[PDB]
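For reference, the structure discussed in these notes is given below.
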Amino acid sequence: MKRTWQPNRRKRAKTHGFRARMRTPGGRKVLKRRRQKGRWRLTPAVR
Amino acid sequence: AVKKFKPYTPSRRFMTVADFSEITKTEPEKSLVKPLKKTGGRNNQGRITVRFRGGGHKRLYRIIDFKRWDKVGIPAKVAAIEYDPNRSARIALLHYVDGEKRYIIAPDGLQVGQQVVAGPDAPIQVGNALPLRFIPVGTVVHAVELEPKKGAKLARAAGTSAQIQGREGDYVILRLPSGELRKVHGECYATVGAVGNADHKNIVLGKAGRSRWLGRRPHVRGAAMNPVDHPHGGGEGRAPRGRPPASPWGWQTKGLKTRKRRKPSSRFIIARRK
RNA sequence: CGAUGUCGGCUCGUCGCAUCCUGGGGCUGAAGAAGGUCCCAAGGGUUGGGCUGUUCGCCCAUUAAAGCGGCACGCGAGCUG
RNA sequence: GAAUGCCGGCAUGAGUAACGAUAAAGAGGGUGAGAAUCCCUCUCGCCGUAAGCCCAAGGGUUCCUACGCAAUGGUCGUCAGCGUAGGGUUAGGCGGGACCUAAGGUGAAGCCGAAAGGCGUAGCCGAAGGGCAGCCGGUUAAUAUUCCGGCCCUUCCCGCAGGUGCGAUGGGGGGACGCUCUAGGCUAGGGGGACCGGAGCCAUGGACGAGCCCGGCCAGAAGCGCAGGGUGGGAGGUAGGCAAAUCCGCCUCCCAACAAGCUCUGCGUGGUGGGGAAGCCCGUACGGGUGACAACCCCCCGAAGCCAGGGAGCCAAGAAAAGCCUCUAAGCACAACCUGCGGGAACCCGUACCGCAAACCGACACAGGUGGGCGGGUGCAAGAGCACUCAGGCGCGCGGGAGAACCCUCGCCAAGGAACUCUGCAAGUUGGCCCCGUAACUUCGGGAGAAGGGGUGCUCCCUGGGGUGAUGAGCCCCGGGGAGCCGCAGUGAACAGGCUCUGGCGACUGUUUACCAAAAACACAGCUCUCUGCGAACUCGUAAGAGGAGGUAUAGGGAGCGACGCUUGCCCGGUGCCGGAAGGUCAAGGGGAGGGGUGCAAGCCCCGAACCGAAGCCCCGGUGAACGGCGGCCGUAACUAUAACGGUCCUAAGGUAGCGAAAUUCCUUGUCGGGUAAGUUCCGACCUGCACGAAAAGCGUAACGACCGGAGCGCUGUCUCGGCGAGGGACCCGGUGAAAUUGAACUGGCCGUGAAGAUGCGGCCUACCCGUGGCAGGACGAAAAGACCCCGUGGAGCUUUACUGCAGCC
RNA sequence: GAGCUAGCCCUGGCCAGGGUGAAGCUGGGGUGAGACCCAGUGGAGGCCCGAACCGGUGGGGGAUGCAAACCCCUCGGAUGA
RNA sequence: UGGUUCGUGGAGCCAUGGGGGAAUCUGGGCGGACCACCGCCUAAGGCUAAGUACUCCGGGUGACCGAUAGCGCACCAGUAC
RNA sequence: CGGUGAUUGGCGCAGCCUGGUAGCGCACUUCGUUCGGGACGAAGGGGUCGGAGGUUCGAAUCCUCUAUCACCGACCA
RNA sequence: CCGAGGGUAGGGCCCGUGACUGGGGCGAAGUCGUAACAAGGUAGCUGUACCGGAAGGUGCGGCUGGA
RNA sequence: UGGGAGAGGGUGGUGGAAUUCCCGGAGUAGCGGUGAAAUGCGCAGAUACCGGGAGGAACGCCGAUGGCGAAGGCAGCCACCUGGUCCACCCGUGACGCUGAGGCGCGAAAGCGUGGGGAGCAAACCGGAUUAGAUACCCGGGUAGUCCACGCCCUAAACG
Ligand SMILES: [Mg+2]
Ligand SMILES: [Mg+2]
Ligand SMILES: [Mg+2]
Ligand SMILES: [Mg+2]
Ligand SMILES: [Mg+2]
Ligand SMILES: [Mg+2]
Ligand SMILES: [Mg+2]
Ligand SMILES: [Mg+2]
Ligand SMILES: [Mg+2]
Ligand SMILES: [Mg+2]
Ligand SMILES: [Mg+2]
Ligand SMILES: [Mg+2]
Ligand SMILES: [Mg+2]
Ligand SMILES: [Mg+2]
Ligand SMILES: [Mg+2]
Ligand SMILES: [Mg+2]
Ligand SMILES: [Mg+2]
Ligand SMILES: [Mg+2]
Ligand SMILES: [Mg+2]
Ligand SMILES: [Mg+2]
Ligand SMILES: [Mg+2]
Ligand SMILES: [Mg+2]
Ligand SMILES: [Mg+2]
Ligand SMILES: [Mg+2]
Ligand SMILES: [Mg+2]
Ligand SMILES: [Mg+2]
Ligand SMILES: [Mg+2]
Ligand SMILES: [Mg+2]
Ligand SMILES: [Mg+2]
Ligand SMILES: [Mg+2]
Ligand SMILES: [Mg+2]
Ligand SMILES: [Mg+2]
Ligand SMILES: [Mg+2]
Ligand SMILES: [Mg+2]
Ligand SMILES: [Mg+2]
Ligand SMILES: [Mg+2]
Ligand SMILES: [Mg+2]
Ligand SMILES: [Mg+2]
Ligand SMILES: [Mg+2]
Ligand SMILES: [Mg+2]
Ligand SMILES: [Mg+2]
Ligand SMILES: [Mg+2]
Ligand SMILES: [Mg+2]
Ligand SMILES: [Mg+2]
Ligand SMILES: [Mg+2]
Ligand SMILES: [Mg+2]
Ligand SMILES: [Mg+2]
Ligand SMILES: [Mg+2]
Ligand SMILES: [Mg+2]
Ligand SMILES: [Mg+2]
Ligand SMILES: [Mg+2]
Ligand SMILES: [Mg+2]
Ligand SMILES: [Mg+2]
Ligand SMILES: [Mg+2]
Ligand SMILES: [Mg+2]
Ligand SMILES: [Mg+2]
Ligand SMILES: [Mg+2]
Ligand SMILES: [Mg+2]
Ligand SMILES: [Mg+2]
Ligand SMILES: [Mg+2]
Ligand SMILES: [Mg+2]
Ligand SMILES: [Mg+2]
Ligand SMILES: [Mg+2]
Ligand SMILES: [Mg+2]
Ligand SMILES: [Mg+2]
Ligand SMILES: [Mg+2]
Ligand SMILES: [Mg+2]
Ligand SMILES: [Mg+2]
Ligand SMILES: [Mg+2]
Ligand SMILES: [Mg+2]
Ligand SMILES: [Mg+2]
Ligand SMILES: [Mg+2]
Ligand SMILES: [Mg+2]
Ligand SMILES: [Mg+2]
Ligand SMILES: [Mg+2]
Ligand SMILES: [Mg+2]
Ligand SMILES: [Mg+2]
Ligand SMILES: [Mg+2]
Ligand SMILES: [Mg+2]
Ligand SMILES: [Mg+2]
Ligand SMILES: [Mg+2]
Ligand SMILES: [Mg+2]
Ligand SMILES: [Mg+2]
Ligand SMILES: [Mg+2]
Ligand SMILES: [Mg+2]
Ligand SMILES: [Mg+2]
Ligand SMILES: [Mg+2]
Ligand SMILES: [Mg+2]
Ligand SMILES: [Mg+2]
Ligand SMILES: [Mg+2]
Ligand SMILES: [Mg+2]
Ligand SMILES: [Mg+2]
Ligand SMILES: [Mg+2]
Ligand SMILES: [Mg+2]
Ligand SMILES: [Mg+2]
Ligand SMILES: [Mg+2]
Ligand SMILES: [Mg+2]
Ligand SMILES: [Mg+2]
Ligand SMILES: [Mg+2]
Ligand SMILES: [Mg+2]
Ligand SMILES: [Mg+2]
Ligand SMILES: [Mg+2]
Ligand SMILES: [Mg+2]
Ligand SMILES: [Mg+2]
Ligand SMILES: [Mg+2]
Ligand SMILES: [Mg+2]
Ligand SMILES: [Mg+2]
Ligand SMILES: [Mg+2]
Ligand SMILES: [Mg+2]
Ligand SMILES: [Mg+2]
Ligand SMILES: [Mg+2]
Ligand SMILES: [Mg+2]
Ligand SMILES: [Mg+2]
Ligand SMILES: [Mg+2]
Ligand SMILES: [Mg+2]
Ligand SMILES: [Mg+2]
Ligand SMILES: [Mg+2]
Ligand SMILES: [Mg+2]
Ligand SMILES: [Mg+2]
Ligand SMILES: [Mg+2]
Ligand SMILES: [Mg+2]
Ligand SMILES: [Mg+2]
Ligand SMILES: [Mg+2]
Ligand SMILES: [Mg+2]
Ligand SMILES: [Mg+2]
Ligand SMILES: [Mg+2]
Ligand SMILES: [Mg+2]
Ligand SMILES: [Mg+2]
Ligand SMILES: [Mg+2]
Ligand SMILES: [Mg+2]
Ligand SMILES: [Mg+2]
Ligand SMILES: [Mg+2]
Ligand SMILES: [Mg+2]
Ligand SMILES: [Mg+2]
Ligand SMILES: [Mg+2]
Ligand SMILES: [Mg+2]
Ligand SMILES: [Mg+2]
Ligand SMILES: [Mg+2]
Ligand SMILES: [Mg+2]
Ligand SMILES: [Mg+2]
Ligand SMILES: [Mg+2]
Ligand SMILES: [Mg+2]
Ligand SMILES: [Mg+2]
Ligand SMILES: [Mg+2]
Ligand SMILES: [Mg+2]
Ligand SMILES: [Mg+2]
Ligand SMILES: [Mg+2]
Ligand SMILES: [Mg+2]
Ligand SMILES: [Mg+2]
Ligand SMILES: [Mg+2]
Ligand SMILES: [Mg+2]
Ligand SMILES: [Mg+2]
Ligand SMILES: [Mg+2]
Ligand SMILES: [Mg+2]
Ligand SMILES: [Mg+2]
Ligand SMILES: [Mg+2]
Ligand SMILES: [Mg+2]
Ligand SMILES: [Mg+2]
Ligand SMILES: [Mg+2]
Ligand SMILES: [Mg+2]
Ligand SMILES: [Mg+2]
Ligand SMILES: [Mg+2]
Ligand SMILES: [Mg+2]
Ligand SMILES: [Mg+2]
Ligand SMILES: [Mg+2]
Ligand SMILES: [Mg+2]
Ligand SMILES: [Mg+2]
Ligand SMILES: [Mg+2]
Ligand SMILES: [Mg+2]
Ligand SMILES: [Mg+2]
Ligand SMILES: [Mg+2]
Ligand SMILES: [Mg+2]
Ligand SMILES: [Mg+2]
Ligand SMILES: [Mg+2]
Ligand SMILES: [Mg+2]
Ligand SMILES: [Mg+2]
Ligand SMILES: [Mg+2]
Ligand SMILES: [Mg+2]
Ligand SMILES: [Mg+2]
Ligand SMILES: [Mg+2]
Ligand SMILES: [Mg+2]
Ligand SMILES: [Mg+2]
Ligand SMILES: [Mg+2]
Ligand SMILES: [Mg+2]
Ligand SMILES: [Mg+2]
Ligand SMILES: [Mg+2]
Ligand SMILES: [Mg+2]
Ligand SMILES: [Mg+2]
Ligand SMILES: [Mg+2]
Ligand SMILES: [Mg+2]
Ligand SMILES: [Mg+2]
Ligand SMILES: [Mg+2]
Ligand SMILES: [Mg+2]
Ligand SMILES: [Mg+2]
Ligand SMILES: [Mg+2]
Ligand SMILES: [Mg+2]
Ligand SMILES: [Mg+2]
Ligand SMILES: [Mg+2]
């Protein structure tokens, strides 16, 4: 039956992408937490 | 004149569809439509503000002259009488001698090929616009402004009429279709005649889905709810309501007036509705 | 109570006897046939249905008889539900 | 040494269950160190509205090739979607962007907010929608509407040549639209052929035959031809399309009224370009040659696709902007635009491979899920159904034997037909089409497929209609009559209702607890009450703002009841709500009588009574489709019995109609009547209604129901009452090989005992050691720190005339 | 966090084949005119049978499963809420 | 109303949201209600190092650890998953 | 089996907590009216206050305990 | 082939019967009330609708079989 | 052909008196009601009076033993549409007539469905008096209904 992950690159980038963090003051702090941890990928990797 | 059905299925034994005999023109004027952005109940927050709205058929907004002093002195010929889906009422297409085309909302017994004119000059027969200070007392009337120069805001559903009952000062006294008596300023325009399609009352929708075609979703009784959701809900059985009956938000719904008391319009209202 | 799955039915039995029948007997207000009561006796047997979830019980048609209880009111790592 | 402790390691179950759809395999020959598993050939089986092709999403090297098998593959492996390496994705015309707008997002102007931020017109972004110029073949091991070949188009830019006032992001037209049913003509596609082109073949009794078998196409400018879509043409006047217009719109006489004419498609033909089986010979796995100088002809069926913006009907009344045409504005009129010709310029990204699946989402090469297109043939009335089968793809990545119990999935059965059981649960009977015929009841539609029947195949003879054809043959679709044939049986296989009587509930289609409840619950049309005069009420929000609504009392919100039929009685004392400029009460504020603290005093500073002080409460009325409520005890009538009647207490009034052992009845299996041989259920009544009752509706109601109850007919393995048979497991052999569990174990019975249910204590009895296939009585077996109960001054969810606050409103 | 799920908004697509045969028309009958009655045509419906598609009724299997909701038979809707 | 030790308390002082609303040395604030006396400051504009807090970074030291320890990582770790 | 209420003229009821009194309505009964009876009108009677015990000077009335009487509850398995 | 007749299935009519139920009639001299006949003490009757233990009352219109 | 009357029928329109309600002025301690009372209304300013406004129904005098219609029935006034009828002239047709089972249409009031309207009155209902009792008569309130449009219902002491 139909499971939860049904993938889409349009959905993934427009929701989780870099420019969609930097609208909101919350998601600007997400990248701040992820610079500071040392993340190799700040945003989820989409083609 | 309303049209009834044989019971060849269930829910055509009581189904009832209006008479479209006054309708001459079966596609609207292309320069006088614009698309109606459906809301679904939802406001600019995306939240439902009116429950149980949504669904149902698509609609192009027939843009209607309600403010009828643009064209004083300028008569007009009734081309056509049309369906509006946005309305109870039928609509009249007016070809003007000035060359413009407009929709007025069609009064009862207007027919097609009629010279019809706004103004103060403006003879008292059906379809014509005047200020209220020039219309004779006792005459029924519709499409009434409330304050002048502001747009026709009164007495424009189907079959409705207001009726002039007096003059007093710069204000005239109107009998509103609620039964309210009401001081309306004399320079408010108003369009003489009852509105009609007055058989709109007697349409019986027959089945559930005909409410869905108008965009009327199902309506849930709060007795069928849970007490998180409603004051009436709950109770291990059927319940007689607990309490004085009540909205989802708490306020009572048998009898409770909620007109704002200090509203300055109440100085203009003589007699509340019936 | 860091779990002993509960009523009834099905299947499978097994035991006790304070015995329903068959067997042996004493008394009888036991003429005979059929009964009543008590004693000895468990070796074996103790039907099929209508109603009800029913155990129980009330009926139907039979029977030699249509016995009472224990086994976690036997039996759900056997079934049903 | 213990914490169902943490981490790591290794054991037990155990060579145990399992090895992932019961679509199916066998042989021969190669390769190889090693073959059931790799390649080739033959035979067999499976899919074939797919398990076959093409897209899209998603995945991201999996594609091709050479060399390999440690690990991945539920076995093996020489193989691979795996390891190493090399190669492979070519566009002006396909898709997307230098085009457009939709929901929505952003957003100068502007509004709002303690900050962060929230709105928001224009504009911009935003696409499986609109717009736009490429069809068919051939090559690669791997790409092609991309490379090559042929034929054909689109933008720009520059030149000549010929026409016109050119000219905007501005005005107008168009783009531009629903659902259902459809006409004419085409096409895709398919069937037949005595005609044509073909390597070949007469087998086993017969046949050299109009025999069998294979194939008889594709694209293609202009110009024709055939269907079809769009549109009227001149003259004036003009105040509207936010400037101006010759345009558009509105009038007024004139010409057709038509597709006549203009364009624009589609389809045939078209210069010419290409393709071209079956069989045989082969060298590879994949392909090549010949067959061929191939033929490339004629009928018939014919679409849901095309002409397309076709037509008719209906209500629920069915996107926007750009491209395109036209009109003018400044500006420009040595420009600029239009047509034809010629030359030149045409950028960025994707393209491979999987794609109903071993490459996507499910930790797996997982029986699950995944949007669009093509989906051939025959027969069954039709069909995308069913059975078989072209093309094409497969035999599902463990096998070999055996022929136990037991399980699963099937097949059949004497006599009985529900005796089984909670219940005919399950399985069986019936089953499609044609034709007779069809009840109570009813809202006149239905009930209806009621029920119950008869026919169904094949051959021959006569005969009536259509469509294409020229009114005719042929080809296709429908019929009728007569005679006969065979079998147990003719929808001969597969797909394809069991029926009837009655009651409860809900009117009906529908919705729901994804993942134990699909129902009598929700919803529903419909009825009523109530609020709301528009900057409406209500809702979200601090606000701005927005929904309501670009709606206006025939409209919008809240509540209840839930089609329809006949109806909805009494109580307003308490609660709620509605209406009352009286009065009682009531805070800040006003007011200051009077008194106090200091000062030598002017002064400075405090309390403070009358009195004026809103809403609300008290009070006064109304209000039941508002919250709600709707009695008790005595006596009395020509037998008893009962009470039409009366007396009395109380209430705010004391349940009316209609139902009633009911989804409501404790006593209760109430008591009668029907069904039955027998009926705690069912049906019909009586009323003694613990504890029905009128919109939390009352009583009925045709039809409807995967709802619940009762009965009967048909039919049966449900049963008496079992028996046999089939296949997938179980059993044996070879390969791979878990799990929960586990204090350690050298783990018998009875009677006792022991924290009261003992393999382990006592007495006695029994008992050589170790396994295998089975059954479940015990190990208070396993699993989950009981989910029922109680405790904790534990926690949440809900309610109110509990307390205390807040929003909100006055 | 609405790539599952619930609702709504914008833009697209899908629903083989059969039945039943409403309104409305045409002709005839009828009447003063009607209402109305016959045929024929017509093709309506939260209509019927039933594949795709959407569901999940009853039973059997499955229960360290093919699967953390499955499989087989059976069944509901299938032009519409 | 907030701050202060100050929870309305005898509640001053310091900031304030709302209403009223002065003066310029004979002016004004304060010394814990208030008054008198006696004293102390000069609000409604602003700037001002040092002494103080911390350790992404470099260095030194340790009755700190020694691969289940020590930072989550001694090892290409905020990685694989 | 628990709880809290009632028993009073023939009948259905008030009377109490504020300890002394026992009353209303119907009924019964004598009279009056009408031809007779009923309604009316005038006059009258009517009590173990279920019974046992004490608290005091005194109980229907206050407190115990019996016997009937309706009435509520009997819950979680 | 037809065919007396038998069988299956479903309808139409009639008769007997049926727990219980409704009204009707006749009964002994029962209970409750006074509706109507006199202006029957509210003139009566009537079609209809509503209500009441009951005759009956009331609303609407009508009638003279009363003034 | 020419005259005449009439509440004959349908549609549209309009006028006045009066009842109720609202508003304003003024005004007091009672008004209604009965057989008598009471319920009830009323110092929260009623009855009574004046002025203004809204709405519904019926149209006084004319008017009666009148007229019209087939019956039910029909009443302010105006117009339109329309039926029946009476007289005269003796012109035309020329026996065309009478009745009429069915059928068809009309058919007071009450009642029903849908929508509207609702001043007065008033079944049901609620009070207050009468009475032994009152589900009635009397009094005070009061819902359907009475009114309109459409469609039903088809009755009567529809009687002369
Ligand atoms: Mg999406
Ligand atoms: Mg437009
Ligand atoms: Mg927005
Ligand atoms: Mg948002
Ligand atoms: Mg609802
Ligand atoms: Mg609920
Ligand atoms: Mg919630
Ligand atoms: Mg909520
Ligand atoms: Mg609540
Ligand atoms: Mg209940
Ligand atoms: Mg209650
Ligand atoms: Mg409740
Ligand atoms: Mg326990
Ligand atoms: Mg344990
Ligand atoms: Mg256990
Ligand atoms: Mg013995
Ligand atoms: Mg003996
Ligand atoms: Mg003996
Ligand atoms: Mg003897
Ligand atoms: Mg024995
Ligand atoms: Mg028992
Ligand atoms: Mg036993
Ligand atoms: Mg037991
Ligand atoms: Mg059991
Ligand atoms: Mg057991
Ligand atoms: Mg066990
Ligand atoms: Mg069950
Ligand atoms: Mg340890
Ligand atoms: Mg220890
Ligand atoms: Mg092991
Ligand atoms: Mg084992
Ligand atoms: Mg084994
Ligand atoms: Mg095995
Ligand atoms: Mg496998
Ligand atoms: Mg096959
Ligand atoms: Mg991709
Ligand atoms: Mg992947
Ligand atoms: Mg790779
Ligand atoms: Mg490969
Ligand atoms: Mg290789
Ligand atoms: Mg390997
Ligand atoms: Mg291997
Ligand atoms: Mg090898
Ligand atoms: Mg590779
Ligand atoms: Mg393109
Ligand atoms: Mg762009
Ligand atoms: Mg460029
Ligand atoms: Mg744009
Ligand atoms: Mg924004
Ligand atoms: Mg916007
Ligand atoms: Mg596009
Ligand atoms: Mg597109
Ligand atoms: Mg190609
Ligand atoms: Mg390829
Ligand atoms: Mg490619
Ligand atoms: Mg031009
Ligand atoms: Mg434009
Ligand atoms: Mg063809
Ligand atoms: Mg062909
Ligand atoms: Mg052919
Ligand atoms: Mg040949
Ligand atoms: Mg031969
Ligand atoms: Mg072709
Ligand atoms: Mg061609
Ligand atoms: Mg202009
Ligand atoms: Mg034409
Ligand atoms: Mg051509
Ligand atoms: Mg070839
Ligand atoms: Mg069209
Ligand atoms: Mg644009
Ligand atoms: Mg560029
Ligand atoms: Mg490709
Ligand atoms: Mg597919
Ligand atoms: Mg999984
Ligand atoms: Mg596999
Ligand atoms: Mg994988
Ligand atoms: Mg799969
Ligand atoms: Mg996978
Ligand atoms: Mg699918
Ligand atoms: Mg096909
Ligand atoms: Mg086929
Ligand atoms: Mg066929
Ligand atoms: Mg055949
Ligand atoms: Mg078929
Ligand atoms: Mg097809
Ligand atoms: Mg198939
Ligand atoms: Mg093949
Ligand atoms: Mg056989
Ligand atoms: Mg048998
Ligand atoms: Mg047999
Ligand atoms: Mg039988
Ligand atoms: Mg039995
Ligand atoms: Mg039985
Ligand atoms: Mg039973
Ligand atoms: Mg049953
Ligand atoms: Mg069954
Ligand atoms: Mg069969
Ligand atoms: Mg019948
Ligand atoms: Mg039936
Ligand atoms: Mg029929
Ligand atoms: Mg049949
Ligand atoms: Mg039936
Ligand atoms: Mg044959
Ligand atoms: Mg043809
Ligand atoms: Mg079949
Ligand atoms: Mg039934
Ligand atoms: Mg029942
Ligand atoms: Mg239902
Ligand atoms: Mg349903
Ligand atoms: Mg569920
Ligand atoms: Mg769940
Ligand atoms: Mg269902
Ligand atoms: Mg379910
Ligand atoms: Mg209703
Ligand atoms: Mg708010
Ligand atoms: Mg709007
Ligand atoms: Mg409303
Ligand atoms: Mg509403
Ligand atoms: Mg309900
Ligand atoms: Mg009553
Ligand atoms: Mg009350
Ligand atoms: Mg009240
Ligand atoms: Mg009151
Ligand atoms: Mg009030
Ligand atoms: Mg006050
Ligand atoms: Mg004060
Ligand atoms: Mg003061
Ligand atoms: Mg004061
Ligand atoms: Mg109160
Ligand atoms: Mg019974
Ligand atoms: Mg019986
Ligand atoms: Mg019985
Ligand atoms: Mg019954
Ligand atoms: Mg009963
Ligand atoms: Mg009850
Ligand atoms: Mg009830
Ligand atoms: Mg009620
Ligand atoms: Mg109720
Ligand atoms: Mg109901
Ligand atoms: Mg019922
Ligand atoms: Mg009925
Ligand atoms: Mg029924
Ligand atoms: Mg019902
Ligand atoms: Mg159902
Ligand atoms: Mg069997
Ligand atoms: Mg067997
Ligand atoms: Mg076998
Ligand atoms: Mg093995
Ligand atoms: Mg041992
Ligand atoms: Mg023991
Ligand atoms: Mg030992
Ligand atoms: Mg021992
Ligand atoms: Mg063993
Ligand atoms: Mg065991
Ligand atoms: Mg525990
Ligand atoms: Mg506590
Ligand atoms: Mg607590
Ligand atoms: Mg979603
Ligand atoms: Mg969604
Ligand atoms: Mg169909
Ligand atoms: Mg027809
Ligand atoms: Mg149809
Ligand atoms: Mg349907
Ligand atoms: Mg179906
Ligand atoms: Mg398809
Ligand atoms: Mg799905
Ligand atoms: Mg569902
Ligand atoms: Mg299922
Ligand atoms: Mg069905
Ligand atoms: Mg159905
Ligand atoms: Mg403080
Ligand atoms: Mg303070
Ligand atoms: Mg305190
Ligand atoms: Mg201040
Ligand atoms: Mg101060
Ligand atoms: Mg101070
Ligand atoms: Mg001091
Ligand atoms: Mg100082
Ligand atoms: Mg300073
Ligand atoms: Mg470490
Ligand atoms: Mg180490
Ligand atoms: Mg670590
Ligand atoms: Mg419990
Ligand atoms: Mg409880
Ligand atoms: Mg016969
Ligand atoms: Mg009398
Ligand atoms: Mg009388
Ligand atoms: Mg009465
Ligand atoms: Mg009368
Ligand atoms: Mg003559
Ligand atoms: Mg003659
Ligand atoms: Mg009538
Ligand atoms: Mg009437
Ligand atoms: Mg009516
Ligand atoms: Mg209605
Ligand atoms: Mg009155
Ligand atoms: Mg009265
Ligand atoms: Mg008369």
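Identifiers in this document derive from the order of the structure tokens: chains are assigned A, B, ..., residues are numbered from 1 separately in each chain, and ligands are numbered from 1 in order of occurrence.
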
Practice prompt. If you run DSSP over the backbone, which residues in range 4-116 of chain B end up strand (DSSP E)? Put them as a ChimeraX atom specification.
Written response: /B:4,16-17,33-35,60-62,76-82,91-96,101-105,115-116

Discussion item. Which of range 212-243 of chain B end up as helix (DSSP H, G or I) when DSSP is run on this backbone - answer as a VMD selection string?
Written reply: chain B and resid 212 to 213 222 to 224

Discussion item. Distance cut-off 10 Å, counting only C-alpha atoms (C1' of nucleotides) - which residues of chain E neighbour chain A? Return them as a list in words.
Written reply: residues 3, 4, 5, 67, 69 and 70 of chain E

Please save C-alpha atoms (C1' of nucleotides) of the selected residues as a PDB file, in the first residue's frame.
```
ATOM      1  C1'   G E   3       5.885  14.226  -0.600  1.00  0.00           C
ATOM      2  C1'   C E   4       1.063   9.735   4.348  1.00  0.00           C
ATOM      3  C1'   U E   5      -3.541  11.349   5.523  1.00  0.00           C
ATOM      4  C1'   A E  67       3.172  -8.096   3.661  1.00  0.00           C
ATOM      5  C1'   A E  69      -3.221  -4.739   7.020  1.00  0.00           C
ATOM      6  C1'   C E  70      -1.243  -9.367   2.677  1.00  0.00           C
TER       7        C E  70
END
```

Fill in: Test item: residues lying within 12 Å of ligand 151 with only C-alpha atoms (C1' of nucleotides) and all ligand atoms, as a list in words
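Going residue by residue within 12 Å of ligand 151, we get residues 745, 746, 747, 759, 760, 761 and 762 of chain D.
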
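Non-sequential neighbours of residue 66 in chain C (distance at most 10 Å, separation of 6 or more positions within a chain, only C-alpha atoms (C1' of nucleotides)) are residues 20, 21, 46 and 47 of chain C.
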
Discussion item. At a cut-off of 12 Å, using only C-alpha atoms (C1' of nucleotides), what residues contact range 37-53 of chain H? Leave out same-chain residues fewer than 4 positions from it and give the result as a PyMOL selection string.
Written reply: (chain D and resi 569+643-645+656) or (chain H and resi 32-33+57-67) or (chain I and resi 108-112+123-125+134-138+144-145+153-158)

Per residue of chain B within 12 Å of chain E, note the shortest atom pair and the distance in Å to one decimal, counting only C-alpha atoms (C1' of nucleotides), and order the rows by chain and increasing residue number, as a tab-separated table.
```
residue	atom	partner	partner_atom	distance
B:3	CA	E:23	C1'	10.2
B:4	CA	E:23	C1'	9.5
B:5	CA	E:23	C1'	7.7
B:6	CA	E:22	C1'	6.5
B:7	CA	E:22	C1'	8.1
B:8	CA	E:22	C1'	6.2
B:9	CA	E:47	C1'	5.7
B:10	CA	E:47	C1'	8.6
B:11	CA	E:46	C1'	8.5
B:12	CA	E:45	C1'	8.4
B:13	CA	E:22	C1'	11.4
B:15	CA	E:45	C1'	11.8
B:36	CA	E:9	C1'	11.8
B:37	CA	E:9	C1'	8.7
B:38	CA	E:9	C1'	7.0
B:39	CA	E:9	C1'	6.9
B:40	CA	E:8	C1'	5.5
B:41	CA	E:8	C1'	8.0
B:42	CA	E:8	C1'	7.6
B:43	CA	E:8	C1'	11.1
B:46	CA	E:8	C1'	9.2
B:47	CA	E:8	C1'	9.7
B:48	CA	E:8	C1'	8.9
B:50	CA	E:8	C1'	11.9
B:51	CA	E:7	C1'	10.7
B:52	CA	E:7	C1'	9.9
B:53	CA	E:8	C1'	8.8
B:54	CA	E:8	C1'	6.4
B:55	CA	E:8	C1'	7.9
B:56	CA	E:81	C1'	10.1
B:58	CA	E:10	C1'	11.8
B:205	CA	E:46	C1'	11.7
B:206	CA	E:46	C1'	10.0
B:207	CA	E:46	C1'	7.0
B:208	CA	E:81	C1'	6.5
B:209	CA	E:81	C1'	4.8
B:210	CA	E:81	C1'	8.4
B:211	CA	E:81	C1'	8.8
B:212	CA	E:81	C1'	6.6
B:213	CA	E:81	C1'	9.1
B:214	CA	E:81	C1'	11.8
B:215	CA	E:81	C1'	11.0
B:216	CA	E:81	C1'	10.5
B:217	CA	E:81	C1'	8.9
B:218	CA	E:81	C1'	9.2
```
